[PDB]
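The chain that follows stands alone, in the form deposited in one PDB entry, written as structure tokens.
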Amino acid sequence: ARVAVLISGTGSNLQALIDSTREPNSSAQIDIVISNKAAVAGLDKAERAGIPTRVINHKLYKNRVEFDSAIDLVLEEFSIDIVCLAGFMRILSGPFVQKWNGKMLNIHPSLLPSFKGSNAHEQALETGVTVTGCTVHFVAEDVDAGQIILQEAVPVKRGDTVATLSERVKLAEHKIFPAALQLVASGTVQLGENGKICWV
């Protein structure tokens, strides 16, 4: 499968995915890395891996849909089959999400449906769970309300902060995200006609 990876910052998930798709049995191929914010470290790990990078600036488009279309042009230019959101902090418009329905994966640092949204670790710590984790799911029009592919639980140690909790969750992210991509690229997992996760 031809894969695009959309980032916004560090790209430690991107790096984790790069490492796995370089493996001989990878069903996946990272053909383009797109970022909405220039001069972010994800663009380096990508360039350091010899992967084309493209910066599309959401702040330069009048419409959110004009902005998604900028991305789809590149997705079609690179003949992409699968889109991985790896730290991408822009909500996509309905038609774009509909177009890539069942072809777009996201990594979210909670055990969904818990702690939907942008400050999941903050939420988890205020609530006081002792177990959190991360989730790979399909992007649906309901933000973080798509079909789950993989999940890994991670412990909340006492005295944790966003800094430490998120350090620990990210190690799990770096496992289930490559795994999930491989599941979808290989066609082992798909989005069933009934709209639930379908194993094959």
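Throughout, rigid core stands for the largest set of C-alpha atoms superposing within 1.5 Å between the two forms. Shifts are known only where both forms have a C-alpha. Each residue number is its position in the shown sequence, starting from 1.
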Report the stretch with the higher mean CA temperature factor, choosing between 188-196 and 8-16 on the basis of the entry.
188-196
Selected stretch [higher average CA B-factor]: 86-94 or 120-128:
86-94
Taking the Cα B-factors listed in the entry, which of 149, 56, 153, 32 comes out highest?
56
Out of 73, 80, 107, 111, residue topping the C-alpha B-factor column of the entry
73
Using only modelled residues of the chain, where does the Cα B factor of residue 69 rank: lowest third, middle third or highest third?
highest
Sorting the chain's modelled residues by C-alpha B-factor, tell me whether residue 145 ends up in the lowest, middle or highest third.
highest
By its CA B factor, does residue 40 count among the lowest, middle or highest third of the modelled residues in the chain?
highest
On the chain's distribution of Cα B-factors, residue 63 falls within the third called highest
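This next part talks about the form deposited in another entry, which is not shown.
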Using the rigid core as the reference frame, would you say residue 50 shifts its C-alpha by 2 Å or more between the shown form and the other one?
no
If the two forms are fitted on the core, does residue 171 show a Cα displacement reaching 2 angstroms between the shown form and the other one?
no
Superpose on the rigid core, then tell me if the C-alpha of residue 152 is displaced by 2 angstroms or more between the shown form and the other one.
no
Rigid core aligned, which consecutive-residue runs (three or more long, every Cα at least 2 Å shifted) show up between the shown form and the other one?
58-62, 158-162
